[PDB]
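Using ideal geometry, Cβ is built from the backbone for each residue, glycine included, and neighbour counts are taken over all protein chains shown. Every read-out reported here was derived from the displayed coordinates using simple, explicitly stated rules and does not represent laboratory data.
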Amino acid sequence: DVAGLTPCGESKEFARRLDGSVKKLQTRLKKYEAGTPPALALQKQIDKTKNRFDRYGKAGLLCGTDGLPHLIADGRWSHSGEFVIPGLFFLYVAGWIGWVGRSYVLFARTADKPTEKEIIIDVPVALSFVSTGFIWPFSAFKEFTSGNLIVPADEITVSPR
Amino acid sequence: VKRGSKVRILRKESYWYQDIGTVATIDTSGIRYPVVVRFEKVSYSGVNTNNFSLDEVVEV
Amino acid sequence: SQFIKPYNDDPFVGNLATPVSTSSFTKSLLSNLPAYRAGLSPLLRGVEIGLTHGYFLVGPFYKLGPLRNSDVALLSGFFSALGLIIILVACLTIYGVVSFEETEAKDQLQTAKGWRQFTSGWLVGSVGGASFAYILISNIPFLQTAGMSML
Amino acid sequence: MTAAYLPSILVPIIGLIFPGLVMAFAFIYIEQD
Amino acid sequence: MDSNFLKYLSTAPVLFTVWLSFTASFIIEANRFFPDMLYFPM
Amino acid sequence: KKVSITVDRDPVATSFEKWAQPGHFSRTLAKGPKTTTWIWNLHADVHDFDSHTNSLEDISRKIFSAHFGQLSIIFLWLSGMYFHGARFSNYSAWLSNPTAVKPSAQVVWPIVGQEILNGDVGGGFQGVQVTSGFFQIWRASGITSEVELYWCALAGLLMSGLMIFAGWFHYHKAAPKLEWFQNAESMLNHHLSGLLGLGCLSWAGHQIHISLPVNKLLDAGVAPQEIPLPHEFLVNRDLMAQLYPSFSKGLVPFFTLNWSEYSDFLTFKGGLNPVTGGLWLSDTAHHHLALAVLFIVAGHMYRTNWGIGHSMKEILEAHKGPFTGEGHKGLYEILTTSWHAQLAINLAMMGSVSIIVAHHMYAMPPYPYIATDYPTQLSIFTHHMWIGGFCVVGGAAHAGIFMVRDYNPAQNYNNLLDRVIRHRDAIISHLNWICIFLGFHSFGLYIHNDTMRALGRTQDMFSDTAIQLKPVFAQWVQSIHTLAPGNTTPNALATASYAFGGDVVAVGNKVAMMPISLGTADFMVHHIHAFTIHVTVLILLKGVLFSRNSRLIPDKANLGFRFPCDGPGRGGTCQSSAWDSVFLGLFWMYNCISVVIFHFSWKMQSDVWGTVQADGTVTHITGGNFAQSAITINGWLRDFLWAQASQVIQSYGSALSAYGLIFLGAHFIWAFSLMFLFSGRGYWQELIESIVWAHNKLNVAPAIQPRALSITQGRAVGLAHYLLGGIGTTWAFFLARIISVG
Amino acid sequence: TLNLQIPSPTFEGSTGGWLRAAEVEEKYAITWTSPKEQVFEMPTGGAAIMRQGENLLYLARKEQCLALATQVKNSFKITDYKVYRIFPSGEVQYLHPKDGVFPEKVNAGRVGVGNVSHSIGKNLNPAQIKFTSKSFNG
Amino acid sequence: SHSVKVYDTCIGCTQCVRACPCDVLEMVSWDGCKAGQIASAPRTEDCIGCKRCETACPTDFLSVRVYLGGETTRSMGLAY
Ligand code: CLA
Ligand code: CLA
Ligand code: CLA
Ligand code: CLA
Ligand code: CLA
Ligand code: CLA
Ligand SMILES: CC1=C(C/C=C(\C)CCC[C@H](C)CCC[C@H](C)CCCC(C)C)C(=O)c2ccccc2C1=O
Ligand code: SF4
Ligand code: SF4
């Protein structure tokens, strides 16, 4: 398909991986009596293995000759859920986290003793800040455009050149 | 510059170069560095005050 | 009754007077060694020291060398001991060249002429002692097997 | 090997005589005043 | 609630441990109820 | 009276105020942070009580209560081990079939596929195999059910609560005075006679009255569920007297000194129990009873309120001769005023005792079915070896701390300490020379043998089929100890251990114990051990003796125990403190214990551990390769390191795969440690300057100014991650290998 | 001047004392007066007891003598100590305090050595003073 | 021998002279500071280079500076 890879739902070596995993769990299952809790645990592991391989085979994932799913990350939408959309989810969270941390830093400078606020967190104020992060891109961009995010170079300490 | 003012440091070798301090005392005698400036950030040696000349301090 | 005292009645020098360092036996043994014995030229000090060390140098080379299981073990061991003797003589020569300035004094070890005499004596004694050890092991079967010939 | 005596002549010389003289003369040079 | 005990609870190591355990519990329960998420499903 | 109880009531109010003020204990730290260095200083010096105050009484009270807190933690750990044995273990199935059921007392939850770590350990159970040896201890104690383990866990929890309550009471409500702590004679009398003596007596009672009948029934083949309860063994004298008839005679032979009547349950048999492969429990019962008698006798030595008893100050001051000046005068004041000297002595002794425990426990297995449990043996030997080495280096460290801080030259004039200081140069020079001699004539033998085997000269090697270095003295000692029963020990049925010589004790077709011969390789590795121990002694003793001053730094005591340097001057004075000597000696302790445990693992796997099959031949795990391979570094590299690491690197997809993961992770962290070890502070501080500029550009610079870790902290962090990585690598490799093949 | 006949503190000796370079290259001397006989720590390792009155001691390094001086200053309140340098030829060079007044106190007649008339950030770059004997200070 | 320089940012606190283990620095009269004194280094042949004076100096970036140079018996701290 892409890059000569085959879909996992028709790959014979993907089926060989699934069969090998199922037999490897079943040979452990063979040594326990039916109804024993290890037997139930092993059968649950077999069910999870079968469900995982079934789910992976019907997802449009591409499998190489090894028998494992291979991710496509060139920007194409047919694999846009493999790298692009989870990454944006991280981009949602991480841009949240730094922003609320930045907000707390701007709060902490205004206190009587900032370092005590640094080691001993103001928990209601911190919870307010971590609540504020849900609209972080627009808030951060408005902070940037109003000159409150970037400071000029003449107010930052630098070493002698 | 005067007593109480916030000043920026233009001494290149200083730890607080382009940072803001508060003037604590201006000596009137013929001292090369008569402006005592106290800083909120401590240096690497743990001090937070230093003497500077008139041209090494600019009011903000 | 204290057995450990300051060295030379100086408490601030970096040494202590101990039974191992300053007893009568230790002083007698050190003063009777050729390196410290009075009335000896440096040449004769070299001769005695070289005879002793060159005599004992033959043994390990003969008994543990790569040719020890061959018929020429003693000859190889003596030749190796002689090569070690020549190397040590070169060490003595360069030590005396770099350590002393040329002075008239020649009756002390720590002079240029005295050290050259000591090196000459050490070479001649080392060759003589190694040759004597070679002769004795060659001519006595007890030394060839290091005592298993009695069993 | 043509001129097979040359390894057995030169390898002991290069490996024992050359470094011994080099170390001795370099010692004399670096320790003299 | 004693205010000094609350201030001790508001210290960086205690809150750090509690928040990282809370985050780990989110990841653990998410992977328990929705396992094997190699991908965003289409 | 002179020995009395003095206590101050309510000295410290119980409050949460200082809980909210980090650094309250230190006047420097109570001002609050300005740099990130403050945080590290807060966590590094917190339990260093003597640097916060000069009052010895408050320091001693803090020490006493911190010891109570540690005892509470240890009791909580023991209660946890008993509870996890009770609820999450296969202990009954192991009790039914000890030779075929792997002990396991840890069960994982299935979350991300880690349920694969619940391996098939036998007995219809799945879990993580445990090697702490608790199953054998509980079998030796007579625990036959998990209900008793539940009750043991409850007792441990109650004792943990009692210890933590005692800590709170004895610091915060009733704190003893300094005069109470400064009774060495009373403390030794009570701790010798009451702690060790009555403890040994009560455990001998438990062994005789509970452990012996239950274990005798277990070795006879009775199932655990039909064995009578211990209180039935207490009250039914007939039930005991079927097994040990001397109990029919009661306590009359004890009080009438007719003790040989008790010869059936107090024995001196020696050797090992053939059914279980452990020591005879009657031998242990007489042993602990004799230890109880000896300790209670030793606990009446020291002078107290009544006139009888020895005075240790008089004993110390009486022992002086012509070679030693004032002799042992002044040491009693040192050990009754400085806590650090006592910590040095006690850490040194606990480390040596742990090492003795490791040796004497592999060689004489004391528990039933622990000898053929090869992972348990390897685990407890390696663990107690490491604990012993750490405690010895800590004794040296805290000796150096005493030397820097608490030593007073005015009170130490011409005593043994002063004379040791006054010939420190002779000591360090002679020890340095003997260390170089040991290094040459031990390690150059391995290098020489590697070169000879590489040069194709096998007849020039140091081996048993070549020029020999025979360990004649140790072999002679082994011959004496094998000949000892009936000649110098007439009342012993068997030898103290079969490692000196004798028969092959095998349990369930696996070797419990066999003779351990000593050849050229054993000679070389024991002299390697002597070399490494002498070099560690050189480092630690040189650090201790030069802790106060040297020819380099004449005022080193003013700088303190722990400083990075005295500047780049005098050529460079880096790592001049005693702390840095401890820092290097920890590396050398790691090397020494690593070589010791490698010798142990290879020698037991090659010459002792294995399977017994028909015609009485013993097939060892590695087939006797130690004699010809442990004489070269290449043999250690290939036949021990390369060969036995196959199990940890092929463990993926099995129950031991976690060890492989830990193997890789330790390999990671150790290498990460070198980033601290090889680098210096200025580079990281300037990089932190650039990162601070980056955070300043977005106005997100913290108020607490970030600083690089201190030079001492850089060394300590590198050493800690190095030790963690190396010990974890050896841990994973040893455990995966010995679980797989043994 | 250094009185060679001043008695020494009572010391049992140690291995930390001065080596051959003291009698060959240079040696240092420290004298001081104590109000009583009292035990002090030697800077070379070990305890010695100083006598009441004057005490003369020989060391290998100046820093050892000044460490002893600091020790007796902060532990015995002795400030009259004098440190001399002695050569094998017998010439004695008085070292500390050089003009009789301790160096942390200003004394008249002292001249400044090594003083630079600008701040440290006004030193020259090496590129001005490469292939030139001009100093980096200006 | 090491080279020790004193720059005119010195405030005359006498800490560097008190921190010196080798008696290299001393305080001389000066008019550039309120204390009326400046540090000086007349005895840099005894300087070992330990930089205790630089550690002791309280002025933002140091007024007393030690430049390590040619090593001698005194500067190497050799008792032999
Ligand atoms: C015979 C009396 C006796 C006994 C048994 C002990 C026992 C102990 N002392 Mg000790 N001590 C005594 C008298 C005694 N002391 C006296 C008279 C003094 C004053 C001179 C001291 C001063 C002293 C100091 C200063 C310190 C100790 C410490 C310790 C503990 C060492 C750690 C250890 O091995 O714990 C494991 C051993 C155990 C037995 C664990 C159980 C712990 C509890 C407390 C035992 C209680 C037994 C009880 C009396 C009998 C009930 C048993 C049965 C009838 C149910 C240990 C619990 C150290 C410590 O850790 O303090 C907290 C310590 O720093 N002692
Ligand atoms: C408030 C949080 C915060 C924010 C917004 C930033 C912002 C920045 N950091 Mg920084 N940093 C922080 C905390 C923060 N830092 C901490 C705590 C550390 C110590 C581990 C570092 C260590 C660090 C290094 C070593 C580097 C940066 C770099 C950077 C820049 C690029 C982003 C990056 O690499 O992030 C990656 C961030 C990290 C690897 C560390 C983050 C640690 C946690 C996750 C953040 C703290 C969250 C905080 C606890 C929330 C509490 C608030 C709550 C009370 C409301 C950017 C200026 C890089 C740079 O210079 O790029 C130009 C760089 O090389 N930072
Ligand atoms: C740098 C080049 C080089 C190197 C590494 C070697 C290496 C070797 N030669 Mg060889 N050789 C070389 C050039 C070189 N050769 C040249 C150019 C000639 C022609 C004259 C020879 C002729 C030669 C003979 C006839 C023999 C060897 C032999 C050997 C072996 C033993 C060493 C010895 O006795 O040297 C002896 C070498 C010489 C006397 C000639 C000097 C080598 C060149 C001219 C000098 C190069 C020096 C270099 C550029 C500067 C180094 C500076 C500093 C690092 C010291 C060894 C494998 C011996 C052998 O076969 O043993 C198995 C032997 O018998 N060589
Ligand atoms: C490339 C340099 C080089 C060369 C050519 C050799 C050559 C040799 N080594 Mg060797 N060796 C070397 C480097 C070298 N080595 C290094 C670097 C080491 C240290 C790891 C060793 C350590 C070593 C050991 C430990 C031994 C040898 C031995 C031998 C000899 C092999 C056995 C035999 O048949 O001799 C039989 C021996 C002899 C015929 C004696 C030769 C005596 C010579 C000819 C005297 C010359 C003295 C001197 C060079 C004169 C000039 C002085 C001047 C340099 C100042 C052989 C002559 C073995 C041996 O037999 O030596 C006793 C042996 O035991 N070597
Ligand atoms: C009986 C045990 C014992 C006791 C009571 C003490 C007590 C003390 N020691 Mg000592 N020490 C000991 C054993 C002991 N030590 C041993 C065995 C060693 C050798 C390693 C040392 C080495 C040592 C040094 C080198 C120093 C001390 C110091 C101190 C003092 C302050 C300690 C402090 O504040 O740390 C506070 C507590 C900590 C910093 C916690 C340490 C955490 C460690 C480093 C990491 C643990 C890793 C963990 C086990 C595994 C995690 C891995 C996982 C993440 C995968 C205090 C008097 C210091 C001092 O100032 O003395 C005057 C000092 O310089 N000791
Ligand atoms: C494998 C690496 C290695 C080696 C070989 C050494 C070697 C040494 N260390 Mg070291 N060390 C190491 C790693 C190593 N260290 C590491 C990683 C640390 C980290 C903390 C330390 C920390 C450390 C401390 C803290 C101390 C040492 C000490 C010593 C010396 C002990 C004396 C001795 O055994 O002499 C025997 C020499 C050897 C075993 C080296 C190999 C020599 C063999 C015999 C072959 C000889 C061949 C021959 C010379 C070749 C001639 C050929 C010719 C061309 C030159 C020795 C020089 C101690 C010391 O110096 O006190 C005496 C000491 O105090 N080291
Ligand atoms: C890397 C390194 C540093 C840098 C280490 C920095 C300064 C300290 C790192 C501590 C971090 C901040 C805490 C643990 C990191 C966590 C994984 C994530 C941080 C969590 C934040 C919320 C604090 C040194 O300071 C250093 C000093 C001396 C010799 C070698 C070195 C050295 O190698
Ligand atoms: S480097 Fe040391 S010896 Fe030199 S002037 Fe500074 S403090 Fe004095
Ligand atoms: S320490 Fe610094 S500021 Fe103080 S006198 Fe010396 S040079 Fe001047």
| request: Check H:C16 against each of (1) part of a loop (DSSP other than H, G, I, E, B); (2) touching a helix residue (DSSP H, G or I) at 6+ places or on another chain (Cβ under 6 Å); (3) not aromatic (F, W, Y) and name the one condition it does not meet. | output: (1)
| field | Those residues of the stretch D:1-21 which are within 12 Å of chain C (Cβ to nearest Cβ), near ligand 3 (Cβ under 9 Å from one of its atoms) and of a type in the set (A, V, I, L, M), in sequence order | value | none
| said: Checking C:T93 against (1) more than 14 Å from chain D (Cβ to nearest Cβ); (2) under 16 Å from the mean Cα position of the chain (by Cα); (3) surrounded by 16 or more Cβ atoms within 10 Å (Cβ to Cβ), only one condition comes out false. Which one? | reply: (1)
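Listed here are the residues, each with its yes/no results for (1) over 22 Å from F:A694 (Cα atoms); (2) assigned to a helix (DSSP H, G or I); (3) within 16 Å of ligand 7 (Cβ to nearest atom); (4) away from chain F (no Cβ under 12 Å).
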position: A:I85; (1), (2), (3), (4): yes, yes, no, yes
position: A:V130; (1), (2), (3), (4): yes, yes, yes, yes
position: A:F141; (1), (2), (3), (4): no, yes, no, yes
position: A:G147; (1), (2), (3), (4): no, no, no, no
| task | Just name the residue that is farthest from the other protein chains (Cβ to nearest Cβ) out of those in the stretch C:1-18 that are polar (S, T, N, Q) and under 19 Å from F:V420 (Cβ atoms). | result | C:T18
| query | Is there any pair linking a residue in the stretch F:17-45 that is surrounded by 17 or more Cβ atoms within 10 Å (Cβ to Cβ) to one that is of a type in the set (V, I, T) and in a strand (DSSP E or B), with Cβ under 7 Å and at least six apart or on different chains, and which? | reply | F:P22/E:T11
| said: Suppose we keep only residues that are facing chain G (nearest Cβ under 7 Å) and surrounded by 24 or more Cβ atoms within 10 Å (Cβ to Cβ) within the stretch H:1-16. Which one would you say is nearest to B:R32 (Cα to Cα)? | reply: H:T9
| query | Which pairs have Cβ atoms under 6 Å, sit 6 or more apart or on different chains, and link a residue in the stretch F:75-90 that is surrounded by fewer than 21 Cβ atoms within 10 Å (Cβ to Cβ) to one that is assigned to a loop (DSSP other than H, G, I, E, B)? | reply | F:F88/F:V107
| field | Qualifying strands (runs of 3 or more DSSP E) (wholly inside chain B; at least 2 residues being not polar (S, T, N, Q)) | value | B:6-9, B:20-26, B:35-38, B:57-59
| task | Please specify each residue of the stretch F:686-713 satisfying the condition of being surrounded by 15 or more Cβ atoms within 10 Å (Cβ to Cβ) and within 11 Å of ligand 7 (Cβ to nearest atom). | result | F:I688, F:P702, F:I704, F:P706, F:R707, F:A708, F:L709, F:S710, F:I711, F:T712, F:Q713
| field | Residue in the stretch F:415-436 that is within 14 Å of chain G (Cβ to nearest Cβ) and of a type in the set (G, A, S) present | value | yes
| Can you tell me which residues in the stretch F:260-308 are among the small types (G, A, S) and either touching a residue at least 40 places away in the same chain (Cβ under 8 Å) or in a loop (DSSP other than H, G, I, E, B) (or both)? | F:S263, F:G270, F:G271, F:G277, F:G278, F:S282, F:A285, F:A292, F:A298, F:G299, F:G307
| remark: Given (1) outside any helix (DSSP H, G or I); (2) without any contact (Cβ under 8 Å) to a residue 60 or more places away in the chain, F:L234 misses just (1)
| field | Extreme residue, farthest from C:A90 (Cα to Cα), among residues of the stretch D:1-23 that are of a type in the set (G, A, S) and within 15 Å of ligand 6 (Cβ to nearest atom) | value | D:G15
| said: Any residue that is away from ligand 6 (no atom under 16 Å from the Cβ), among the polar types (S, T, N, Q) and away from chain H (no Cβ under 14 Å) - is there at least one of those in the stretch F:594-605? | reply: yes
| query | Which ones in the stretch H:32-76 are among the hydroxyl-bearing types (S, T, Y), within 14 Å of chain F (Cβ to nearest Cβ) and not in a loop (DSSP other than H, G, I, E, B)? | reply | H:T44, H:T55, H:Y67
| task | Any chance you could count how many residues in the stretch G:57-87 are surrounded by 24 or more Cβ atoms within 10 Å (Cβ to Cβ), more than 10 Å from the chain's Cα centre (by Cα) and free of Cβ contacts under 8 Å to residues at least 40 places away in the same chain? | result | 0
| query | Residues of the stretch C:107-151 being more than 30 Å from C:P42 (Cβ to Cβ), free of Cβ contacts under 8 Å to residues at least 60 places away in the same chain and either polar (S, T, N, Q) or surrounded by 19 or more Cβ atoms within 10 Å (Cβ to Cβ) (or both), which ones? | reply | C:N139, C:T145, C:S149
| task | Kindly check whether there is at least one residue in the stretch B:6-21 that is among the small types (G, A, S), under 28 Å from A:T115 (Cα atoms), within 14 Å of chain G (Cβ to nearest Cβ) and surrounded by 14 or more Cβ atoms within 10 Å (Cβ to Cβ). | result | yes
| Do the conditions hold for F:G439, that is, is it among the small types (G, A, S), in a loop (DSSP other than H, G, I, E, B), away from chain G (no Cβ under 14 Å) and surrounded by fewer than 16 Cβ atoms within 10 Å (Cβ to Cβ)? | no
| Which residue out of A:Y104, A:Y56 is assigned to a helix (DSSP H, G or I), touching a residue at least 40 places away in the same chain (Cβ under 8 Å) and within 13 Å of another protein chain (Cβ to nearest Cβ)? | A:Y56
| F:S79 vs. criteria among the polar types (S, T, N, Q) and not in a loop (DSSP other than H, G, I, E, B) | yes
| query | Of these, F:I137, F:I111, F:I74, F:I143, which one is of a type in the set (V, I, T) and within 30 Å of E:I27 (Cβ to Cβ)? | reply | F:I111
| query | Got a sec? Which strands (runs of 3 or more DSSP E) wholly within the stretch G:1-84 have at least 1 residues that are among the charged types (D, E, K, R)? | reply | G:27-34, G:38-41, G:53-59
| said: I'd like to know if the stretch F:126-134 contains one or more residues that are surrounded by fewer than 17 Cβ atoms within 10 Å (Cβ to Cβ), part of a helix (DSSP H, G or I) and more than 14 Å from every other protein chain (Cβ to nearest Cβ). | reply: no
| Is it the case that the stretch F:671-679 has a residue that's loosely packed, with under 15 Cβ neighbours inside 10 Å, within 16 Å of ligand 2 (Cβ to nearest atom) and either within 14 Å of chain A (Cβ to nearest Cβ) or more than 34 Å from the chain's Cα centre (by Cα) (or both)? | no
